[PDB]
Amino acid sequence: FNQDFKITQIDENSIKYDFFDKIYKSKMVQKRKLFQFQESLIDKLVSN
Amino acid sequence: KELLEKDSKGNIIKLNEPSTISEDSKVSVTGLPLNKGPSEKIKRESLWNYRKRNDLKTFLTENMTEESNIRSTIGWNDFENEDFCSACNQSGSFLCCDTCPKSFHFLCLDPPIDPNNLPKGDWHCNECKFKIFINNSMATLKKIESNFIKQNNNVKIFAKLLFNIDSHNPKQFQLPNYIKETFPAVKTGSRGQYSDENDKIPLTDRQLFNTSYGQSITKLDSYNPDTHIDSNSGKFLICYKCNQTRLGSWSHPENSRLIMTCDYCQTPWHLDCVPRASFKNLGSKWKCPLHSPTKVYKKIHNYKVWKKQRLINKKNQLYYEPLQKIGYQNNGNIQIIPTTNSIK
Amino acid sequence: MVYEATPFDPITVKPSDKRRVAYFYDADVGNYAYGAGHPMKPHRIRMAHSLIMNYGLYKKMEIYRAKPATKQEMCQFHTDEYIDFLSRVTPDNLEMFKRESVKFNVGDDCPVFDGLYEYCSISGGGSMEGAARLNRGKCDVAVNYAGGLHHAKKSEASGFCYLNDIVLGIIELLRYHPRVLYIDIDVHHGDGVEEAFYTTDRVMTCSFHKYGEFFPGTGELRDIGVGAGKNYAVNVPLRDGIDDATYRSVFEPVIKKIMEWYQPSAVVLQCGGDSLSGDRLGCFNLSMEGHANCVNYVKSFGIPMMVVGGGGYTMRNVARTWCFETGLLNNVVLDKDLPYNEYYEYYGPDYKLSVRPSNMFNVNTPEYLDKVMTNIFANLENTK
Amino acid sequence: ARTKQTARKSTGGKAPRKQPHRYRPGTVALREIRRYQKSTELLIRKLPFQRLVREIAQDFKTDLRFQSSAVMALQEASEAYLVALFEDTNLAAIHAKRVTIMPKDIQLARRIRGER
Amino acid sequence: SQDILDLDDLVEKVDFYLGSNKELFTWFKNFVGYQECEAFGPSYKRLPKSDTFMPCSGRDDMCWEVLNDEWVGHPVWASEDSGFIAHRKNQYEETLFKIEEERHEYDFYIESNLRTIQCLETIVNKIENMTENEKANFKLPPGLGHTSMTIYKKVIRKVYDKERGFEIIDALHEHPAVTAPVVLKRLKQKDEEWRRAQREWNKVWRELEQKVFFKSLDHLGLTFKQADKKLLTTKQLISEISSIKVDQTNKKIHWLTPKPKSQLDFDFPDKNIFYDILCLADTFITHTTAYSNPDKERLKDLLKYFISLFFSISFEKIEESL
Amino acid sequence: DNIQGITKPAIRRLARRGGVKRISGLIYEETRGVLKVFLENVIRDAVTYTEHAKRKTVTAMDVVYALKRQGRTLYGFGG
Amino acid sequence: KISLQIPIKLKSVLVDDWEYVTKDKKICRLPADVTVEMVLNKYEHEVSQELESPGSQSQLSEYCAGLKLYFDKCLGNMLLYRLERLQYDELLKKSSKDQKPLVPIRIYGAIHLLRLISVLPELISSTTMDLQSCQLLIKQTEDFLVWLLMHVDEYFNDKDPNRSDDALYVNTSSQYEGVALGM
Amino acid sequence: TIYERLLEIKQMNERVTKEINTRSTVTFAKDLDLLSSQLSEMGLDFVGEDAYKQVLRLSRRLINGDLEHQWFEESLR
Ligand SMILES: [Zn+2]
Ligand SMILES: [Zn+2]
Ligand SMILES: [Zn+2]
Ligand SMILES: [Zn+2]
Ligand SMILES: [Zn+2]
C-alpha cells in the first residue's frame, strides 16, 4: 500500500503560518490557564 | 623412563634427571634461547661499535611485611568441509557433517547442539538425514509426499510446505530482496548485517596501519592545514558556529583549530564549536547538529516516539501536495517545495 | 570562562598533612606474566616496589601483604559463574572452556596464564584490605599497586583486566563511608568502575581519559549516570598529547568542584601509568611530575584515600611515577637520582627518577576544555 | 562427531580490544607477438626481479649485495632462458595438433632438453 | 509545529542554528517563551529484568543496592562494530618496546626461578637437619608451603621437559627427600646461566636504548624535515595570511566595526638574533658553490642592507657585530 | 611471495616474445617454479664464486662466470 | 514466479526488525504480551463474521491452522537470525527442564509471523505446489496482511527498550553477544 | 621564520644552560659505565658553553657540511 508512506509536499510559507499559529496557541493557553488558576486561588482565599 | 628407582621394599634411592635438552633451546622473544646471549648479526647494529654495589634494601621486605586480614568479609561473607557455516555464512567453530561437505555452527542447528554434549558417533545434517531416510525406504519421494498429504488431511494447502522443509537444512533467516529493494538507502553488510545511509564506508587497512608516522587518520599527531581548504573549490572551509577558519600559521600551530565536515550536508564544523574530541574516522557517519532528527522522544505529561519514514524508490514512493495549507497534520514526514509580493 | 591557562607549578608537599601510609605488596604479584607478546606486565609492580625499598621509603610507612581473596569475596561484584570460570581456567584446559571463553571475553586480549586466579586474588585482596584499613582508621592513605583493574566488569574480562578490584575496594569503603569518590587518571576510561556505580549516588566516578576512537569507547561527556546516579558520573574527554600544565588546569578545577560539591568521605585514586608520555598504548604527554600532581592535589584535601595503581605498559616509566607518587604521600619529594636497585638497567640513559615528556602537539585547545569543564561544572550543581 | 575451528579466535570482537570495435581473440595476440619480437627491452619489471633474487640468494649467503649490473645480468639471462624454453614449448604444442601451451608441454620440453 | 518536537529540543536546535547571532536567537528564545531529565547517554543500554537475575553469592543488601546490574556498556557497542584506532608509534618507540619486552622476558623468568630456588633451599635446609628414619615419609603440601601454588609449577614445567614436568612435580609432592636437592641444583645452574646471558644481553639492550631513546621521545622532530619542506612554501604562507584576512572580513560584518588594518603580527624583542641569522647566511654564502662570487657578494650586502634599512640597526653595528 | 612478483602479464610477455598464442592458465605457476629453480642454480654458483674472492658483494662478472659454468654464456656484461 | 503484495508499512516493520536484530543487537521479548497464535486467532475471529460463506470459513480456518503448523515446524529451521538462535536454545532448554515441548505458537510474537509471511513465496516456489493452491494461499496471505495494517499500531509498536519495559524488543548483554556470535 | 625559531631557543637559553651545566649524574652509572659518551666525544654535548651559542656553532658546522644531520639532531634533542 503505497499511500501509507506518502510524503507531504509542504512550502515555507505554510510552515511559517503553522509555527506562528501553534506558538500563539501554546502561549495563550498557558497564559489563560495561569489566569484561571490565579482567579480560582483568589476565590479560594476569599471564601476561606 | 623409570623416574623413581624404588628399592625392593619400595624405598626411594635415587632419581634420574629427564631430558633438559628437549626444551633447553626454545626460541624466546629475543629470537635466541635464554641459554645463549645475543648473536653478532644483531650485535652489529645494536652496540655502538663491534670489533671482530650490593647495598640493596630490597631484601628487607619479607621481614617488614605484616599480613592483613581485617576486612569485614574475612573468613566467609573423504572431503574437507567448509570454512564457513552453511546456515549463517560466517566463520566460527563448526559441527562437520560426516556424509556431507557442509558445516554448521553449534547454535545454528535445530535443535541447537551443546558444544560439550556432542553426538557420540556420527552426525548428519537435516538434508543428509532426509537422504538416508529416502534411500532406506523403498517407496519414492512423491509417494511419501502423497502419504504425508493424505495422513495430514486436516491441512491440505500447507501440507506440501510442511513436507519439504524437513529436507531443508536449517539456515539463518534473511530478508528477501523485494523487502530490501523498496528501501534504496538500506544495504547489506559483509556478514549479512544491516547497513544504511548512516554508515561509513569501512576504511581499509591500507589507511589505518599502512600510513606514515606523522600522518594519521586521527589527524591529531601533526599540523595539517590541508583540511581547512576545500579540495574541489580551493576556498577556506568556514566553520558554521564561529564563522571562522583557524588555519594556523606553522610557526604557531597551537593557534590552529581542528575542523571536520559533516558526512551528509558537508557543513564544516570546528572540533570545539561542537563539543567533540574525535574526528569520527570509522563507524557511523558523523551528523552535524543542523540536521533534523529521524527519531525523537517526547514526554506525554509515559512518552511518545516518532520515526521518520524510510526512503522509498521512485517507483513506489508517492509525493503528494496538500490542498490544505494551514494546520495540515503531516506525520512530520514532509518535503519542501520552492516558494513562488502579495504573499509578503 | 571556566578554563584558565596556568603554567605547571612545582610539586610541593604539605607538612601539615602528614598521613599514615599503608603499603600493600605481595612479593608474588610480579611472578605472573600475561603472555609472550603481551603489553600488560605485572613485573612493573615489583620494580616499582624495588624503588620504594631502595629509596628508604619503608621507614615512613607500613608494608602489608594482604590476604588473597577467595571465590565468594570476588562475587561481591562479579557473578558466580565468572569467578568460577576464572578460578578453573588454565592454558592447559582452554579447549575445555570454549563457550565461556567467548562468554566472559577471556582468551584473546585477556589471555589465560596459569597464575590468573592467584594474580586476581592478590589484586582484590590488596584493594579490599586497603579499604578495610581505611575503614578502621589504621591508615590515612592505602597504597596498593597490585590492582587497578578498572576495565573488568560483572561477567567479563576486558582491557587486560579480569577482577575489578576497585569495585571491591569501593564496596568495602561503602560499609563505613557514605560517599566515595573514584578518580581515574588512567588514559583509558574507567568503564568497569563507572558501569558498576552508574545508578548510585553513593559513589561518584570521575574519569580523566582520552575519548576518541580509543578503548573502551565509553566515556562521552553526556554519560552522567541514570536513575539516582544522575550527575554522579563525571566524564572528562581529552584529546592526544595533553601536557602537565593543561592536565593540571583541567584536573584541579574539576576535582576541586567535586570536593566542595559532592563532599566525599573516601577517595579512590586510579593511578594508571599509561597516562604518561611514551606509553605503548597511551597517547598523553604527561611527565612524572604531571602524573604525580594529581596525587599530590588529591592528598591536600585530607580525605582518607586509597591510591591504587592501574595501567602503565612501559614498565620503567610507570615504576618511576609510582615511586614518586608513593614518596609524595609521605610528605617528601624524592631526589632525581635513582638508587641502586636490582632493575637499574631499565632506567637508561640518565638513570634518574624523571619521566621526560615528548615534544608532541598538545591538541587539547583551551576552548574545547573550557566547554568540557563548563558542562561538567553545570552537571555538578545538582550534587549538593 | 568431527568438529573444526575456523574463527580461530578465543574471543569475539577482537577489533574492540586494547591490544564497440573488438578484435577477434588472437589478432591482438599476434600483433603483440610482433611487438615483443621486434623489441629488445626487458619484459620482467626490474624491481620485482631484483627482489626475486634477494629473497632467493638469501639462502646461499646472507648480506650479499649485488652489483647493479648483476641483477641486470640475472634478468637478461632469465629472459633469454625463458624465451628459449617458450619457443620450445610452442613447438611441443604445435606438435600435438594444438595452439595452447600447457604445463605438460613444458615438463616434456625440459625432459628432451635434458634439463631434468 | 506538529506536536512532535518538544520545546527544549527546538530551543537546542535553534541554538545550534543561530548561536552566534545573539540578537536573533534571543528574539526567538523569548518570542517563543522558553524558561531556563532521563539523560542516559550514548554508551549505555538497559538490560531486562531477566538478565539481571544472575547469582552473585557474595552480595549482601548493600551490594544489591549500590551496584548497577541493568545498565551495561561494551567496547563493541561503543565502536558501532567497527573497531578502535591505536596510537601510532615511531619505529624507535617500537624497538624500545621490543627491548623492554626482552628485558621483561629475562627478568620474569629469572625472578620466578629465584623465588623457586629460595623456597626449595628453605625445604633443603629444613630436610638436611633431620635423620633418615622419618625422612622417608616426609611429604610436601601443594604450594610447598608458599603463598603461590603455581609459580614453582611454572618454573618446573619450563626448566624440565613438558611431559616430565608434571611427574617431577608429583615426585616432589610425594617424595621430596630425593627430588628436592637435584631440582634445587638444576634450578641454581639454570639461574646462573640465565643471569650470565642476561648480563650479556643487558649490554646490548643498554647500547640500543642509548641509540634509540631520544629519537623515540621525539615526535614532531622525526617528521619535521618533510613537514618543513611541505609547509614552508609560498602556497602555505599565502594561505595563512589569506585565511586570517578571510576570518577578519567574515567577522567584520557581524561586529568589530573598527576593522583592523593588519593580519599578521610579528614581535622582535631581541636584536642579536638578526646578527645570528646574518652569520648563518654568510656561512651558507661562503660554503655554497652553485652561486658565483659576484652573486655571493651582492647577496651579502643585500641581506646586510635590508636588515639595516628595515629595522633600527645601523650598518656600523652590523659590521662590528659580525 | 617475491616469487609471486613475477606476474602473469609478465609471463604472458615472455610467451609472446616466445611466440606463444594461447597460454594455459596453469602455465603461469609452472613457469615460476622453473624460473626459481634455474635462478637458484646460477645465483648459487654466483655466490660460490663470490665467497671465493672473499668478496661479500656479488658482481655481474661473477654472474656471467656462473653462466659460463652452467653452459649458457652471456655476452654483454663483461669477460 | 510467485509474488506477494506486502504493504510497505509492514515492509518497513520487517526492515526495522532487521535493523534491531543485526545492527542494534536487540532480541525480542519472549514470550510476548501478544503471541502469534493470538494474532492468528483474533484475525480468524474478526474476519469469520465478515462474510457468510461456509466454504470460505473452512478455507480461512484451514489457512490459519496451516500457518500455525508451518510456523511451529519452520521457526527452528529458517525464521530467526543468528543472534536469536541462542534465545531459541535457552527456550528449548527451559522447556525441556519442565518437560513440556516448546511450541512457537504461544511463545514468539507477531514479528516472526511477519517474517514467515515475507519468506513464504520462496518456500512456495520451492515445492511442487499447483497454480491454484499457490494463488489461493497468496490471496489469503494478502488478506491477512491487509488485516495487519488495520491493527499495525497494537501489534508492531515503537518503544525504546532503554525507557520502557513493555517494549517488543530488549537490549542484549555482552555475554549473550559473545555466545551468539563468537562460537 | 628563522628569527622565531632562534628566538624560541634564546628565550629558554638560560634555563637549558643551567640545566645542562648542573647535570649531576648518578653514581652507579659512573662506576658501571652505563652512561653514553657518543655525544661527548664529538663535542656535541653542551657542557661548559652557552647553549644558544653552541646551537649557532653547531648549525654553522652543519651548514658547512662537516657535521652530519643525524648527529646535529641528536645533539639538539
Ligand atoms: Zn550432510
Ligand atoms: Zn552459523
Ligand atoms: Zn568553529
Ligand atoms: Zn551537516
Ligand atoms: Zn588504561
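Look above for the structure.
To start, this report covers the structure provided alongside it.

Description of the interface of chain G and chain C
Move 1: Listed per partner, the contact involves seven residues of chain G and five residues of chain C.
Move 2: Interface area lost by chain G to chain C is led by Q175, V179 and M183 of chain G, which between them contribute 66%.
Move 3: Linking chain G to chain C there are zero salt bridges.
Move 4: The tally of links between chain G and chain C comes to two residue pairs in polar contact.
Move 5: Here the residues of the side of chain G that touches chain C sort into three nonpolar, four polar and no charged.

Side note on the pattern of salt bridges
Move 1: Inspection of every chain in the model, using the stated rule, returns 83 salt bridges over all chains.
Move 2: Two residues, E115 of chain D and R110 of chain D, come together in a salt bridge whose shortest N-O distance is 2.8 Å.
Move 3: Residue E115 of chain D is classed as partly exposed on the basis of its relative accessible area, which comes to 21%.
Move 4: Judged by its relative accessible area of 6%, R110 of chain D falls in the buried class.
Move 5: The partner of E84 of chain G in a salt bridge is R115 of chain G, with the nearest N and O atoms 2.4 Å apart. Separated by 31 residues along the polypeptide, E84 of chain G in helix α4 (residues 84-97) and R115 of chain G in helix α5 (residues 110-125) bring together distant segments of the chain.
Move 6: Taking relative accessible area as the criterion, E84 of chain G reaches 0% and is therefore assigned buried.

Some words on the coordination of the zinc ion (ligand 5)
The reference angle at a metal is 109.5 degrees if four donors form a tetrahedron and 90 or 180 degrees if six donors form an octahedron.
Residue and element names in this part refer to chain C.
Move 1: The protein atoms donating to the zinc ion (ligand 5) are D186 (OD), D186 (OD), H188 (ND1) and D274 (OD), with metal-donor distances spanning 2.1 to 2.5 Å.
Move 2: If you look at the zinc ion (ligand 5), its four donor atoms make angles of 57 to 152° with each other, and the shape they trace is irregular.
Move 3: Of note, the donors binding the zinc ion (ligand 5) are all from one chain and are spaced D-x1-H-x85-D. On the criterion of sequence distance, the pair formed by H188 in the loop between β4 (180-184) and α7 (191-196) and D274 in the loop between β7 (266-271) and α9 (288-299) is long-range, its members being 86 residues apart.
Move 4: Owing to a relative accessible area of 0%, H188 belongs among the buried residues under this scheme.
Move 5: Note on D274: relative accessible area 0%, which makes it buried.

The rules behind each value
Residues numbered from 1 in each chain as written, not as in the entry; some residues may be left out. Chains lettered and ligands numbered in written order. Part of a larger assembly, values for the part shown. Heavy atoms only, no water. Contact = heavy atoms within 4.5 Å. Buried area = accessible area lost by both parts, 1.4 Å probe. Salt bridge = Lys/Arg side-chain N within 4 Å of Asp/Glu carboxyl O. Polar contact = N/O pair within 3.5 Å; in protein donor to acceptor, adjacent residues only side chain to side chain. Nonpolar A, V, L, I, M, F, W, Y, C, P; charged D, E, K, R; others polar. Buried < 20%, exposed > 50% of the residue type's maximum accessible area, 1.4 Å probe, protein only. Helix = DSSP H or I, 4+ residues; strand = E, 2+ residues; numbered from the N terminus. Donors = N, O, S within 2.8 Å, 3.2 Å for Na, K, Ca; no water. Tetrahedral: all angles 85-135°; square planar, octahedral: opposite > 155°, others 65-115°.

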